[PDB]
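Single-letter residue listing:
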Amino acid sequence: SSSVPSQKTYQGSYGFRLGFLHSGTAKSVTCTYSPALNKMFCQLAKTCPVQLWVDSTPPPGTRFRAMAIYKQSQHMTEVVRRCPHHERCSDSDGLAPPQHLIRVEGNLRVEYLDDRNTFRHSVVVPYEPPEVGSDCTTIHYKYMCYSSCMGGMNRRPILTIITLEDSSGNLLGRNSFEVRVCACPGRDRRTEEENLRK
Ligand SMILES: [Zn+2]
């Protein structure tokens, strides 16, 4: 009955792990992952390719669910949404509800959810065995507000929780990374990593 999703990492019996493309901190980068911070820095409405690995083949009807929650304990109970300004700007792809922060592009079987008890949003894609050539699943997520959007995230850090789930939504595995949606991911990531050392 807790409406706050757990965030504990749990690679599960199928060996569910996340992978991230290797990027640098060039000021023009649209998406960059810091392994030190386990934190994704990206621009607004720009694609972030996240790798989903499973060591053992999961049961049929398995899915990957992505959901954002506030990282700070004091804001955890608060549903992460898009700010009102962006909600009404009419930029849906005709499938993503305008309030949803996290979208998926490049997947034919995306579904968007507004939980009927928790009011939390998520976006789901099916698991499918990787191709002859391919080794993992790559989903291209997009974040549709800045971290700093007033009436929205309000400068609050968020986590993206990706769970491996059966079709009914039972937990098979869980992984997470921090996300900052900002205008200059490259600089911001260099900045946060530098504060790490010095
Ligand atoms: Zn916004």
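What you see is numbering from 1 along each chain in written sequence order, possibly unlike the entry, with residues lacking coordinates removed. Side-chain numbers come from the whole structure's heavy atoms, not from hydrogens or water.

1. Regarding the side chain of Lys 39
A run of H or I in DSSP becomes a helix once it reaches four residues, and a run of E becomes a strand once it reaches two; helices and strands are each numbered from the N terminus. Position of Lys 39 relative to the elements: it lies in strand β3 (residues 39-42). Type-normalised accessible area, obtained with a 1.4 Å probe on protein chains alone, sets the label of each residue: buried when under 20%, exposed when over 50%, and partly exposed for intermediate values. On the basis of relative accessible area, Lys 39 is assigned to the buried category, the value being 7%. N or O atoms closer than or at 3.5 Å make up a polar contact, with two conditions inside protein: a donor-capable atom paired with an acceptor-capable one, and, for residues adjacent in sequence, both atoms drawn from side chains. Within the local environment of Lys 39, its side chain forms a polar contact with the side chain of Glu 178, the two groups lying 3.0 Å apart. Whether two residues touch is decided by their heavy atoms; if any such pair falls within 4.5 Å, the residues are in contact. Beyond its immediate stretch of four places on either side in the chain, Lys 39 contacts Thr 32, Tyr 33, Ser 34, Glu 178, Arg 180 and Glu 192.

2. Things to note about the UniProt feature "binding site: Zn(2+)" in the protein chain
UniProt positions are given in the numbering used here, feature names are shortened, and annotations may be inferred rather than shown by experiment. In the numbering adopted here, UniProt assigns the feature "binding site: Zn(2+)" to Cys 83, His 86, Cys 145 and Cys 149. Annotated residues spanning 67 residues; largest pairwise C-alpha distance 8.8 Å, indicating a single compact cluster. Following the sequence through the fold, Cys 145 ends up in the loop between β9 (137-143) and β10 (158-165). In this view, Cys 145 contacts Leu 44, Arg 82, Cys 83, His 86, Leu 101, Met 153 and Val 181; residues no more than four positions away in its chain are not counted. Inspection of the secondary structure assignment puts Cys 149 in the loop between β9 and β10. Sequence-distant contacts of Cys 149, defined by excluding residues within four places in its chain, comprise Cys 83, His 86 and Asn 154.

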